[PDB]
Structure formats: structure tokens, C-alpha cells
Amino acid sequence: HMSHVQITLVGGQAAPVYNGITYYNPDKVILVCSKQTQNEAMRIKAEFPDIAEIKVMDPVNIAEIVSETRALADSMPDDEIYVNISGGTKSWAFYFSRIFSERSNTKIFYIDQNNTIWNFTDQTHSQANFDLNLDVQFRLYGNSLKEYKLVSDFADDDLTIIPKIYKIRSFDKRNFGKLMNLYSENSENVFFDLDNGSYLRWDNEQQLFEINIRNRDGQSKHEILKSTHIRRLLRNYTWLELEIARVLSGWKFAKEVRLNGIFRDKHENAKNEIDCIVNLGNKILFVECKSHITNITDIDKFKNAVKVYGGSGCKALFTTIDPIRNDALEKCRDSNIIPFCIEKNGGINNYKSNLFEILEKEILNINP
């Protein structure tokens, strides 16, 4: 009987190549790559080691493309051929689609960033009936997130204390920020203070944080901060990343939420920390979280991490408590990053619906 053979073009993005094999479940895969995309091709082959093989070809030279594409076609019996032209250069797509459409049992297809499979031959479409696995996608893009947290790694009192930390901080942001930075830099000390009287004290007996914030008018806000993992929450604004992960966890489009991930190199040296990663099923949402932006080139770091770990199909969200300055906003538009400021969108107890609305307007768009 006729075999099902998929010829698929490997560009920079491994995701649509992998997704097209997963959808059609082919009997045999021909991965067409260049010298620049050969590692991507090898990572894809490693997910289907028994059926896939690799053909290397120059990405733009027409003389070679036509000659080697005819050679490939000459080597293939009359089977059911499907060509995924999603990846690879326009040059490959132009000639693969034409040469293989000379056979009556050939379908040319394309899978978009929403996991809609478009059959270009029959002018039909259908939807992929599978969800992305985050660990598979990172591996396909060369990496593994071996370190991270779930919202369920945190107790419920870690979640309920979040509005209180936020309120205390708003009594005087600069003093809160300075104390938090001193705590995060020497978290093994027990007492941190400013000259104006602000302080943060750790009480190991009561498993408790006693904090005092001074404002510019000389008033004090003196409160306690007690939760199962409060020592972790106050390190580097982990509580803020937790808050975003918790609320996205309840979002109708989220299938899985991971928090405080670290991507390492082949020698276990850290390459990037990621605040929050949401599995949307047909794409990944990355999230960077800050109290406020100080170094606006953090926006550049963030966008590059997103492209490196998840590829060009991902969405990128940058959340802050504080209003974002115009230079940071323009950089967000430059990089196609969704900016979100909590205090300007309802505050800590009433931002959820605005955030969901902004994401849902973008979730189905195809990234240029």
C-alpha cells in the first residue's frame, strides 16, 4: 500500500516542522535544511529517530535548488506525499511546491502560528487537536528548563498576603524598594534599615517579618508579613511573579503555568531566568515581571530570550506595578512586547479582567 511521506522544510523555527509531523503522523519524514539550519533539523530528527532523515541544500541558489529538488523527487516512488512549506526560504517553497505538485497524490500544506493546518492544494483547513508540551518545545529550540516552580508549590497564605505586600509598598515605593534590595543582596542577615527610620526585621522565632515604611511626610506604616514562604516572596519581587502566575493560572486560555524558571547551558551555567511561562496550547506566553523599569534595555534582553527559547510564535508580556516611561513603552512597541501596568489597570485587587482582555486581543495574531 501507498506510504504516507512528509517532505518538510526546516527554517529557523523548529516548532512548525515538529507540529506538522505530529499532526499527520507520517510513515516517513524528509527534513530539508541548509548548513545554517542543520542543528534545528537534527533536533527535530531526534524526536522521530526511526522515520526521519535529513537532506541539506543551499537556501537560495536556484540552480542547486531545482537540480536537487528534482533529484529528490526522482528518488521517491508513487506514495502519498505531503510537503510542509511552512519553514525554509521562499526559494525552497517556490520550487518544492511546483515540482511535487506534478504528482496527483501530493498535498502542499502550511501550519500557522495558531496550529491551523492549511491545505494549499485543496484549499481546506483544519485545527490541530493537540497541545504543545513545554519541555518538548524548549528541547526542540536547544534548551531545557530543569529548574522552576508551580503556583501549587506555594501555600495559600503565600497567595493571600500578596495584596498586603503591595499595599505596604505603595505607602512609599522608594523606601520599600531600598529595603527589599538590601534583603535580597544579604538575605541571611536579620535586620535591614534606612537612615529615615524604615526597616525590615526577620524574627526567626515567630517565623515572621516586621517592617516599617516611612513616607515623605514623616508618617510610618508598621506592619507584619507572615506566610509559609515569606522569606522567598520578598527576594527579588518573587511575590509579584507569583501574583501574575496565580492570576494567569485561572485564565481560560492557560493550560499550564510555570514560575521562576532557569535555563542553563551544557555545563549547568545559568543562561537566563524567566519569571513566568504560560502554555497556551498552540503557543507559549513568556512574562517578565518588575516592580518598575530602571534599565530599559531589560526589554531587549527579554525579547531575545523569548525568541531563543520558544521561537517566533510566542507572545511576550512585560508587567509592572508602576507606570512605564515613554522610552520603555516605545521599546516595547519596537519589540512587539505587550506592556501592562497593574496600578494603571485597576490595582492589585482588580486588574485581572483588563489583563485578560489585552492578551485575548493579541493571542490569535500571527507574529511578523
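All residue numbers are counted from 1 along the displayed sequence.
Taking the mean C-alpha B-factor of each stretch as recorded, 277 to 285 and 218 to 226 are not equal, and the higher mean is that of 218 to 226. Looking at mean Cα B-factors across 257 to 265 and 203 to 211, the upper value is held by 203 to 211.
In the deposited coordinates, the residue among 272, 297, 187, 113 with the greatest CA B-factor is 187. Across the options 84, 160, 91, 75, the residue with the most elevated CA B-factor in the record is 160.
Ranked by C-alpha B-factor against the other modelled residues of its chain, residue 3 falls in the highest third.
Sort the modelled residues of the chain by CA B factor and residue 64 lands in the middle third. Compared with the other modelled residues of the chain, the Cα B-factor recorded for residue 58 ranks in the lowest third.
Residue 26: CA B factor in the middle third of modelled residues in this chain (values from the PDB entry). When the modelled residues of the chain are ordered by their C-alpha B factor, residue 177 lands in the middle third.
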